[PDB]
Amino acid sequence: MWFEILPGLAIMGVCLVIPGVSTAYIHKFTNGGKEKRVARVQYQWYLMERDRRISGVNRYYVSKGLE
Amino acid sequence: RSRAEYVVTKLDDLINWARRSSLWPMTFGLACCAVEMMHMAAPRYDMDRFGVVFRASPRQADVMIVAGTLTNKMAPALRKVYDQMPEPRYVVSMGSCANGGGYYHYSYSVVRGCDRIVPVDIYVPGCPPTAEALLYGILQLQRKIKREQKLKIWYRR
Amino acid sequence: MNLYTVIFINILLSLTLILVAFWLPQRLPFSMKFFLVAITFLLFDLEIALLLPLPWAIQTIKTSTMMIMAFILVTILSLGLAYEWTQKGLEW
Amino acid sequence: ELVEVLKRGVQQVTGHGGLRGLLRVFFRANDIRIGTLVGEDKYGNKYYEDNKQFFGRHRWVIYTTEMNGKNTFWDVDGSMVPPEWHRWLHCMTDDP
Amino acid sequence: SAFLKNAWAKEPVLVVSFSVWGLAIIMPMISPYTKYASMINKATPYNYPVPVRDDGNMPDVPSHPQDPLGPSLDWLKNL
Amino acid sequence: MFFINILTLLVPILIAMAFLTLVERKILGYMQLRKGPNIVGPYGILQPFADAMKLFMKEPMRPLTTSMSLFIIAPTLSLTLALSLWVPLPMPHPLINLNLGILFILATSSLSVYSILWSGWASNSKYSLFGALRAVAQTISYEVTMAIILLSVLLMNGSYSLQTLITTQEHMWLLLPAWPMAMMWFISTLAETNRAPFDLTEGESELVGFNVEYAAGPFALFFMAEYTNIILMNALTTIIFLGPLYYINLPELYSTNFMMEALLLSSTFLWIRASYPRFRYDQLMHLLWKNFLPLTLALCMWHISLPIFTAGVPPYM
Amino acid sequence: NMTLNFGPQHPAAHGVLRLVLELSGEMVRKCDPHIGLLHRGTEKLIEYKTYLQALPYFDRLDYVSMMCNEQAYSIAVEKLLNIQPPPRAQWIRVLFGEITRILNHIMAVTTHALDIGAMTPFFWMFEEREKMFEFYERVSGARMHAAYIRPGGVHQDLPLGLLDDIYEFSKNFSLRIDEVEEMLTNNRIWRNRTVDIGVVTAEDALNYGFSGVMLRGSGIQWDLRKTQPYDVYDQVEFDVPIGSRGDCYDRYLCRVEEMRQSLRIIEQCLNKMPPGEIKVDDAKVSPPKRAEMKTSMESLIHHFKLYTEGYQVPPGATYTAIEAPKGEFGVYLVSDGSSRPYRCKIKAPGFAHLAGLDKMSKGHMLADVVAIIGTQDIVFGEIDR
Amino acid sequence: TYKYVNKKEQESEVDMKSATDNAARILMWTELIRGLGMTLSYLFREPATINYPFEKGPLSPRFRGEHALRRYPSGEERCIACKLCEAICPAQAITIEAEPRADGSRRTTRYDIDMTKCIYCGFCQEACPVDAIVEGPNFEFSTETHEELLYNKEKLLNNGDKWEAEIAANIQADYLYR
Amino acid sequence: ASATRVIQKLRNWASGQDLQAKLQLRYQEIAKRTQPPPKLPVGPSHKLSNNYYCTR
Ligand SMILES: COC1=C(OC)C(=O)C(CC=C(C)C)=C(C)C1=O
Ligand code: SF4
Ligand code: SF4
């Protein structure tokens, strides 16, 4: 019966969600719980870099009004 | 278990399983035995289930099933296709026309067996060897492929 | 760099396979049609290029000229195609 | 509806002995289906019949673990079936 | 016309093909929004708007962004 | 961590590649009244790994008349480009997001046509050269409409970055609009992966050309490549035209639906293969240059006009 | 012109075919098919074998239409013996003859598609084909290569359950033709691959001796089953499916219709099969019954002589043609008074058809040739003999 | 009685409605979608394949299969070397030479069926007066070496003893027919 | 057979035909094996009188 084709599809599927969940949590871990900034245009890289200089060395650390 | 002998027995068991599970056969398609296998490829006795490829080019074929009479004009070819198949390769002779000359044994245009042209591993008997009968023969090839111990021989050589 | 890292792993994975694959085991076919296609292909491929900047050009303040230009390009090439059809070309 | 099919499925799985049995069948016979034992020959082969299924698959044999010495756990071949029970399996005679 | 008909039923791609070619060559000419594209894109502020000195002779320029003077995009709003 | 991510994208995809093969051999089976491979392993799950091992062990054959590089470069290039094109794909977050992402995918695909050309010249047998020339032509032709169909899309997306479409398709799939091209993207995706309706690249009844002289490890690498592509192109359909729902709070329902739509459209080309006879070589090019290219070029203009007079010019960035 | 041979191993070559093609580019300008790769010496071996022991050879000439082939030898030998089969036997030969044309057509239509690239039609029908062989096996003991149709009458009576089982197969078979009907008859891809390919004009078809669906496909109205009714084809009603134009599509459509028309003939045979004996009662021609040879001396003598020596058919020569599924299959049996034949020229619908490939495949691509061989339903056993 | 297949009875003049219906057929591949539906339908049908080792394709009593020589219930082999099984074999497979046994009975010193030569016609089954040579049910006798396929009297007699119970049942079922 | 109604309905529709009425797989409709013993009829020429071969 067709249901036997499912085992194979399942294994494919599980192996196609891993990548999307993986890439989207190894980003939120490396960037400090905040989505990796996407610097499409320089302004953004500038702002990002500015952030680095503002604190520690990493941009993800984010200083606030209390600074 | 711990012994260079045990590791070399288990790993061929692995190598033999891979060749056994995936035999991609290449049928020349001589005479009528090819039909009695087109029935094996068909739904009542699927061959793919067992890991058998319905259609495989010589260079990608593990098993050659010679179905049908090997005339003296197709002999020079069979050998070529057997010679051009990849090394790990096996031959299954199907039909009393191929394993022996069968009706047409005494003909002037029929080779009396493909064993004369290509070394043969399993001989499947029957004028139209039944399709289960070919499937039993292919399964017998799988039993022969399980028994082979190439790695063991290299170790104790 | 991040891309470089990914790509070299990509080549490595493929070279690894072929290497194991080779290590574990231990004259005049010519039809102008074919050449003609290749040519047409680039004439179209070049056009694809002149059409690729259209996403940035959409935001151009002119707009009228943009479309007037783009429509002329697509129309003149298509006519090229038209004549390709009319002529034995594209009729293999 | 769907529950019914799942139910009959459970019956099948739970039917062939414990998990041990299911694995014995799942891996060597490649079919978890339950039928009525129509007999056990002196070699050890066990024959079953499920008239509900199509003609092709209403009569099956679950070969033995060892025949004439040889281990037949995985290396099962058809000829293992005894000549007496061969015709019953091939539907030559409808009588066990 | 008759061929047109068969063309609609035989080789019914070109017909559609050309039809679109034209409909794209017309809608822009006649539409209540075509003008907006050159405006909506014109308005989008990408480069800093440099302020002009106040000679004090200009009543048109707004002295402050929020002033009631200057350009507005309420057309963009409620568009 | 980046490597971890590199591994998370490539390894799973490769495994998915393998099981697609199994799934292709069971869905085609049940459609043809046969169980398909279930005897090796449980329900055939170990079947893909089994022939992989058989293929690598069998002797790679270097024809007497064969280049030894344009022969080994060709499968390496095929696997490298296909696995590489999974690098910049939104799921929803891309591993290496590239501002000109779709141009990367179009360019990388284009490079695979060489592997076919190089393998055909390398074999030095007539069947290979004839097959390669027709093949390169098919692939290239189906690139010209393939590219124009994307340019129509982009102009309604605003950018070349595949990441933008997740924000473009937050209210409706791009199938509703632009369905006429989806179909034409789907058929072109079928040609570029040399799948069935368009499998003349390597027709079997016709020239049993691409892998004629390729066995064992080389066979496998392209092989792997084709199937990974089969997925990738289907996945690009599932981002560009069928936009999976995106919620910024939970990113995986995007990937969960991406999983579901990709599998169904991957299932569709499997279903197409069993259902249709293969087109003739010229019948294939007759479709693209006569039937599709005029449709695509005109609908391309409609997609430069729809934005302007509907005052909908898409926001860059 | 880049000479290239369609070598035997290739699947589209039916196992044995070496079509020397001259490729003027992809367009093929000339074909020189080199058959002979399966010539077994079938007709020089028959001269050394008695009439019964040569029957088997006729099941192997066209190997996809076994019984219709052995109905041509059986009719010939019967003519030369001025004996006629009993009434039940003639219906059984017509019943088995149409099961064979359904069997050949399922072979021809599905394998043609396998060559073009459609793979599923073959699997659906091949399951319906093993259902059919079973009927051969249940009546003769061999799935194919039965030897059931004997030179005089048929060999053994139908088992007591066969006609019910043939009804159940015929009852549901038409839906199965209907199903590939939907999957491969309107697909633009099939029509394009098949329509307007290998057109053969009516007079050219007669001149090239095509004599088959190839004759009927171009509109010539000739069926040896209605024109020269052999066996009982005079008491069964059917419509010859004449095609109009001759493209490989019209020929496909004709083959699908003949499968449907054969179901109409099979229906009549089950509905009207007479009670009676299956083999003529002359012990001189057909062997005596098992009980009789073991209780009556005249029967043992007749069994001993018939099996050891033979019928000894009277001296003469005959050309008997029957409509085999491929086309007109005829045996020119020349007979001396001896029990073993002198000559047996098997006319093969197929020797003529393959000759037509060069003319039919004119101005055609490499791919068209694969369709051209497919639409001739050529089995090289009949051509090579 | 004839029947035109693919002959258009008349020229239906295009009507917009007709044209649209057709154009839609070409543009939206309507018939192609029809074909996909058929295959999806079977995907849901039960597959017809049989587990080959566990289940076997049905063969009725007349199946010819593999040659065997039977023996009388007493234990005397049935063959009396009349040698017409040799005479009617089409392939020249059976070779028989005989001499009067010590008992004085007629028996075959050598009976060799060359199975590779045999084409399993089943005439030998037919010809034997004592019905000593029978077509046995077994079809699975594939052999690694060509010599094993050649069969002498001892293999066939042994084949006969192994399958006698089923051979007797099969002959029992079909003898009235013969 | 043995298919949940819904699958059957999908089957019948996708195919466009009542495939259930004419299933290909055979179930308890096929002639049972061991059909009764057959007493076949003896044809003409078995008369014990006026059966001279010279006349037939
Ligand atoms: C139906 O016609 C024929 C075929 O093509 C579909 C063949 O493939 C073949 C041989 C094919 C193979 C490789 C089994 C034969 C013998 C044949 O008769
Ligand atoms: S063996 Fe019997 S069946 Fe196979 S080919 Fe020779 S004759 Fe035809
Ligand atoms: S016929 Fe029967 S008995 Fe006479 S020899 Fe041959 S086998 Fe022995």
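Residues numbered from 1 in each chain as written, not as in the entry; some residues may be left out. Chains lettered and ligands numbered in written order. Part of a larger assembly, values for the part shown. Heavy atoms only, no water.

The record lists cryo-EM as the method behind this PDB entry and 3.2 Å as its resolution.

## As for the overall build of chain H
Helices and strands together make up the secondary structure of chain H, namely 6 helices and 5 strands. Ordered by position from N to C terminus, the α and β elements of chain H give α-α-β-α-β-β-α-β-α-β-α. In terms of overall dimensions, chain H is more spread out than a globule: its C-alpha atoms have a radius of gyration of 29 Å, far above the 16 Å expected for 178 residues. Along the longest, intermediate and shortest principal axes, the C-alpha atoms of chain H span 100 × 45 × 35 Å. Expressed as a percentage of the 178 residues in chain H, the buried residues total 58%. (Helix = DSSP H or I, 4+ residues; strand = E, 2+ residues; numbered from the N terminus. Rg over C-alpha atoms; globule rule 2.2 N^0.38 Å. Buried < 20%, exposed > 50% of the residue type's maximum accessible area, 1.4 Å probe, protein only.)

## Some words on empty space enclosed by the protein
Its volume calculated, the second largest cavity comes out at about 170 Å³. Lining the second largest cavity are 18 residues, with B:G126, B:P128, B:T130, H:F63 and H:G65 positioned closest to its centre. Broken down by class, the residue content of the lining of the second largest cavity amounts to 11 nonpolar, 4 polar and 3 charged. (1 Å grid on protein atoms, 1.4 Å probe; cavity = no way out; pocket = protein on both sides within 12 Å on 5 of 7 lines; lining within 4 Å. Points joined across faces, edges and corners; volume = space filled by probe spheres on them. Nonpolar A, V, L, I, M, F, W, Y, C, P; charged D, E, K, R; others polar.)

## Overview of helix α6 (residues 153–174) of chain H
The end-to-end C-alpha separation of α6(H) is 25 Å, well short of the 32 Å expected for 22 residues at 1.5 Å each. The largest bend along α6(H) measures about 70° and falls at H:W163. Buried positions along α6(H) lie against α3 (83–89) of chain D together with β1 (66–69), β3 (106–114), α4 (123–127), β4 (133–136) and β5 (150–151) of chain H. If you check the start of α6(H), you find a side-chain oxygen 3.1 Å away from the backbone N of H:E154, and it comes from H:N152. (Expected span 1.5 Å × (residues − 1). Bend = angle between axes of the 7 residues up to and from the residue. Contact = heavy atoms within 4.5 Å. Polar contact = N/O pair within 3.5 Å; in protein donor to acceptor, adjacent residues only side chain to side chain.)

## Topic: the UniProt feature "transmembrane region" in chain E
Following the UniProt record, one finds the feature "transmembrane region" at residues 14–34 of chain E. For residues 14–34 of chain E, helix accounts for 67% and strand for 0%, while the C-alpha atoms at its two ends are 27 Å apart. (UniProt positions renumbered as here; feature names shortened; annotations may be inferred.)

## Section: the site of ligand 3
Every residue lining ligand 3 is accounted for by H:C79, H:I80, H:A81, H:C82, H:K83, H:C85, H:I96, H:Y111, H:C128, H:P129, H:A132 and H:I133. Among the residues making up the shell around ligand 3, the classes are represented as 11 nonpolar, no polar and 1 charged. (Near = heavy atom within 4 Å.)

## Things to note about the pairing of strand β3 (residues 27–33) of chain G
Residue and element names in this part refer to chain G. Pairing of strand β2 (residues 19–24) with β3, which is carried by 6 bridges, proceeds in the antiparallel orientation. When the sheet's bridge partners are listed, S24 is paired in β3 with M27. Following β2, the chain reverses through 2 residues before pairing antiparallel with β3; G25 in that reversal takes a positive phi of roughly 85°. When β3 meets strand β7 (residues 364–365), the two strands line up antiparallel, connected through 2 bridges. (Pairing = 2+ DSSP bridges.)

## Details of the nonpolar core
Counting residues in each nonpolar core, the largest one holds 383 residues, and the members touching the most others are B:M64, F:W86, F:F241, G:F96 and H:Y111. Setting aside chain neighbours within four positions, we find F:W86 in contact with A:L16, F:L9, F:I13, F:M91, F:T228, F:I231, F:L232, F:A235 and F:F258. Counting residues in hydrophobic clusters, the runner-up holds 16 residues, among them D:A29, D:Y47, D:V61 and D:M67. (Core = buried A, V, L, I, M, F, W, Y, C linked by side-chain atoms within 4.5 Å.)

## Here we look at the site of ligand 2
Around ligand 2, the neighbouring residues are B:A31, B:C32, B:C33, B:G68, B:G95, B:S96, B:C97, B:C127, B:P128, G:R60 and G:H145. Neighbouring residues of ligand 2 are distributed over chains B and G. Each residue belonging to the shell around ligand 2 can be placed in one class, and the counts come to 6 nonpolar, 4 polar and 1 charged.

## Some thoughts on the sheet that holds strand β4 (residues 316–323) of chain G
Strand pairing within a sheet occurs via backbone hydrogen bonds; the two strands may be parallel or antiparallel. All names here are of chain G. Sheet architecture is open: 3 strands sit in the order β4-β5-β6, paired in antiparallel fashion. Each edge of the open sheet carries a strand with a single partner, namely β4 and β6 (343–347). Each neighbouring strand pair of the sheet contributes to a mean axis angle of 10°, computed without reference to strand direction. Of the pairings in the sheet, the one linking β4 to strand β5 (residues 328–335) comprises 8 bridges and is antiparallel in character. Its bridge partner being in β5, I322 is matched across the sheet by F329. (Axes fitted to C-alpha atoms, helices over the stretch in contact; angles between N-to-C directions.)

## Comments concerning the pattern of salt bridges
Inspection of the entire model under this criterion finds 71 salt bridges over all chains. Salt-bridge contacts for B:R44 lead to G:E127; the nearest nitrogen and oxygen are separated by 3.3 Å. One end of the pair, B:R44, is in the loop between α2 (35–41) and β2 (63–67); the other, G:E127, is in helix α4 (residues 120–140), on a second chain. For the residue pair B:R44 and G:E127, the accessibility class agrees, reading buried in each case. Note that G:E182 and H:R34 form a salt bridge whose closest N and O atoms lie 3.6 Å from each other. Remark: H:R34 occurs in helix α2 (residues 30–43) and G:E182 occurs in helix α5 (residues 162–184); the pair is interchain, linking two chains. What makes H:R34 exposed here is its relative accessible area of 55%. (Salt bridge = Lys/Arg side-chain N within 4 Å of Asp/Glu carboxyl O.)

## Digging into the interface of chain D and chain F
Listed per partner, the contact involves 5 residues of chain D and 6 residues of chain F. Linking chain D to chain F there are 0 residue pairs in polar contact.

## A short note on the packing of aromatic side chains
According to the stated counting rule, one finds 55 aromatic pairs over all chains in the structure shown. Pairing C:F34 with F:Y281 gives two aromatic rings, centres 5.8 Å apart and planes at 80°, and the pair type is edge-to-face. With one member in each of two chains, C:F34 in helix α2 (residues 32–51) and F:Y281 in helix α10 (residues 281–309) form a pair that bridges those chains. Classification of C:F34 by relative accessible area gives buried; the value is 16%. (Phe/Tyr/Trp six-rings, centres within 6.5 Å; stacked < 30°, edge-to-face > 60°.)

## A look at unusual backbone geometry
Note: most peptide bonds trans; most residues except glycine with negative phi. The phi dihedral of B:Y104 falls on the positive side, at around 90°, and the residue is not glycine. Mapping B:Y104 onto the fold places it in the loop between β3 (90–94) and β4 (122–124). Residues other than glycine seldom take positive phi values, yet C:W92 does so here, at roughly 35°. Checked against the element boundaries, C:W92 lands in the segment after α4 (64–86). C:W92 gets classed as partly exposed once you look at its relative accessible area, which sits at 34%.

## So, the pairing of strand β2 (residues 46–49) of chain D
Side-chain direction in a regular strand flips from residue to residue, so the side chains alternate between the two faces of the sheet. Residue and element names in this part refer to chain D. As paired elements, strand β1 (residues 36–40) and β2 share 4 bridges and run antiparallel to each other. Looking across to β2, one finds that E40 is bridged to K46. Pairing geometry for β2 and strand β3 (residues 59–62), over 4 bridges, is antiparallel. Its bridge partner lying in β3, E49 is registered against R59.

## Here's the deal with the interface of chain G and chain H
On the side of chain H, 43 residues touch chain G, which itself brings 57 residues to the contact. When chain G packs against chain H, close to 4,400 Å² is buried across both sides, 54% of that on carbon and sulfur atoms. If you sort the residues of chain G by the area they bury against chain H, G:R188, G:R290 and G:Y307 come out on top, with a joint share of 16%. The tally of links from chain G across to chain H stands at 4 salt bridges. Across the salt bridge formed by G:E179 and H:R45, the nearest N and O atoms sit 3.1 Å from each other. The tally of links from chain G across to chain H stands at 26 residue pairs in polar contact. Counting residues per element, the side of chain G that touches chain H draws most heavily on α4(G), at 7 residues. (Buried area = accessible area lost by both parts, 1.4 Å probe.)

## A word on the arrangement of the chains
There is a clear gap between chain C and chain H: no contact, and 20 Å between their nearest C-alpha atoms. Contact between chain C and chain I is absent, and the least distance between their C-alpha atoms amounts to 38 Å.

## Structural notes on the environment of B:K146
If you trace the backbone, B:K146 turns up in helix α4 (residues 131–147). When the C-alpha positions of B:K146 and B:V8 are compared, they lie 14 Å apart, and in sequence the two are 138 residues distant. When neighbours within four sequence positions are excluded, B:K146 is seen to be in contact with B:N16, B:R20, D:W74 and D:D75. Within the structure, the side chain of B:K146 is placed 2.8 Å from the side chain of D:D75, a separation counted as a polar contact.

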